[PDB]
């Protein structure tokens, strides 16, 4: 129902493992998300970091979604006609890492995490489609 249709649509093709819609305005809240996974824990702290003015310090400092450490690969989050930030996660030691894209609509972030070895390119495309679907539902 409602916002979950979108999440579940994104999870449908085999290729991703978390996803989530978070309304960024006023106080940032999760509108829908994959149950009991990382994005469901995104905090107002880390959304403000995705939406704030400074667009460099995160490249050196890194950042977190939920409490998961992430490297910002390509930021065009606030840029007209692009709306995307690509990222990839960080593991201590040997664990795998995964790509992430976030796409900003009028009121929303769309967050998608690929599975292991899934190309940040496919992730970027999908997460951009869905967010375009949202963006002409005037959201």
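Take the two forms, find the largest set of C-alpha atoms that superpose within 1.5 Å, and that set is the rigid core. Numbering follows the first chain given and starts at 1.
Of 49 to 57 and 91 to 99, the stretch whose C-alpha atoms sit farther from the shown form in 4 other deposited structures of this protein, after fitting on the rigid core, is 91 to 99. Look at the mean CA B-factor for 11 to 19 and for 126 to 134 in the entry; the higher one is 126 to 134.
Averaged over their C-alpha atoms, the temperature factors of 63 to 71 and 95 to 103 are higher for 63 to 71. The top Cα temperature factor in the record, among 45, 113, 87, 34, falls on 45. Placement of the Cα temperature factor of residue 30 within the chain: middle third of the modelled residues, per the deposited record. Per the PDB record, residue ranking by Cα B-factor puts residue 51 in the highest third of the chain. Among the modelled residues of its chain, residue 108 has a C-alpha B-factor that falls in the highest third according to the deposited record.
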